[PDB]
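These are the residues of each chain, in order.
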Amino acid sequence: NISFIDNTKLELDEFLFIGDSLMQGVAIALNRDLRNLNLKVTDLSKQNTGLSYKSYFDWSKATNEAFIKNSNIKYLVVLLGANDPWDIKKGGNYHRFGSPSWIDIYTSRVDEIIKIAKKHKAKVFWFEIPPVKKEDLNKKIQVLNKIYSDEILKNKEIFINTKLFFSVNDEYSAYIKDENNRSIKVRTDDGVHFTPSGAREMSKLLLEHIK
């Protein structure tokens, strides 16, 4: 499940945010940072969504429709997957999480999103999901992150590394050190989401890919 360190920086223009409640939290901080740069933001992030829940809410359809409504969107920001690492049933066909056919389906759903952005001539920033507190869930999200990074690499878009920045001694931590080497609570007590400070740190990681 090993990825790469993405050193890509883009020169900047409207933004579109998609994803789940992780994106909803990051979006509060990232909207403010982009607003400070006179950048327009459309934030569609929506709780209880994910690529595995495509039949309930299809992010590929919603993203395409957003581009059709606003041809000035040139950057897509994606953060999702917290709801996704579970078996998928399609009709009478069953796909166990992490199995080869499951990975095929999930990879296709990731690729759909990137293909739609490319068709509309937009570039993609895709966030790595940072570590979560529950060990079994954390192992599964590392599988998701490998798929995101593989598909972002093949499509030559931008992968935002988050694992190192939200770990202490290569493990989940609710607290990290700030720019002044002081301890700050960046994760909420559910061991998944972000405090305002954590959201700001996630936003900074995207901004470090913009020149």
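Structure's up top.
Residues numbered from 1 in each chain as written, not as in the entry; some residues may be left out. Heavy atoms only, no water. Residues with missing side-chain atoms left out of burial classes, pairs and counts.

(A) Representation of the packing of aromatic side chains within the structure. Summed over the entire model, instances satisfying the criterion amount to 11 aromatic pairs. Taking the centre distance of 6.1 Å and the plane angle of 50° together, the rings of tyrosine 106 and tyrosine 148 count as tilted. In this pair, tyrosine 106 is assigned in helix α3 (residues 100-119) and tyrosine 148 in helix α4 (residues 135-154), connecting sequence segments 42 residues apart. Take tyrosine 106 and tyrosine 148: they sit in the same class, and that class is buried. An aromatic cluster is present here, built from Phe97, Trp102, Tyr106, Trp126 and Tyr148 joined pairwise through their rings. Sitting over the ring of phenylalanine 97, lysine 140 keeps its end group 5.7 Å from the ring centre. (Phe/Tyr/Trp six-rings, centres within 6.5 Å; stacked < 30°, edge-to-face > 60°. Helix = DSSP H or I, 4+ residues; strand = E, 2+ residues; numbered from the N terminus. Buried < 20%, exposed > 50% of the residue type's maximum accessible area, 1.4 Å probe, protein only. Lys NZ or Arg CZ within 6 Å of the ring centre and 35° of its normal.)

(B) Local environment of the sheet that holds strand β3 (residues 73-79). Taken together, five strands build an open sheet; the order of strands is β2-β1-β3-β6-β7 and the sheet is parallel. Looking at which strands have only one partner, the edges of the open sheet turn out to be β2 (40-43) and β7 (158-160). Adjacent strand axes in the sheet meet at a mean angle of 20°, parallel and antiparallel pairs treated alike. Across six bridges, the pairing between strand β1 (residues 14-19) and β3 is parallel. Paired with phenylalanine 15 across the bridge in β3 is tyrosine 75. Across the sheet, helix α1 (residues 21-35) lies against β1, β2, β3 and β6 (123-127), angled at about 165° from β1, the strand it touches most. Strands in contact with α3 are β1, β3 and β6; relative to β6, the strand with the most contacts, it is inclined by about 150°. (Pairing = 2+ DSSP bridges. Axes fitted to C-alpha atoms, helices over the stretch in contact; angles between N-to-C directions. Contact = heavy atoms within 4.5 Å.)

(C) Structural view of unusual backbone geometry. With a phi angle near 55°, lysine 156 is a residue other than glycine that sits in the positive phi range. Along the chain, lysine 156 turns up in the loop between α4 and β7. Of note in this structure, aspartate 170 is not a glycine but carries a positive phi near 55°. Within the element layout of this structure, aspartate 170 appears in the loop between β8 (167-168) and β9 (171-172).

(D) How the structure looks around the side chain of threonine 162. The residue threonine 162 is located in the loop between β7 and β8 in this model. Excluding residues that lie within four positions of it along the chain, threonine 162 makes contacts with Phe127, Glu128, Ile129, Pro130, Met202 and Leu205.

(E) A look at the environment of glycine 198. Of note, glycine 198 is situated in helix α5 (residues 196-207). Along the sequence, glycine 198 and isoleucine 176 sit 22 residues apart, while their C-alpha atoms lie 9.0 Å from each other.

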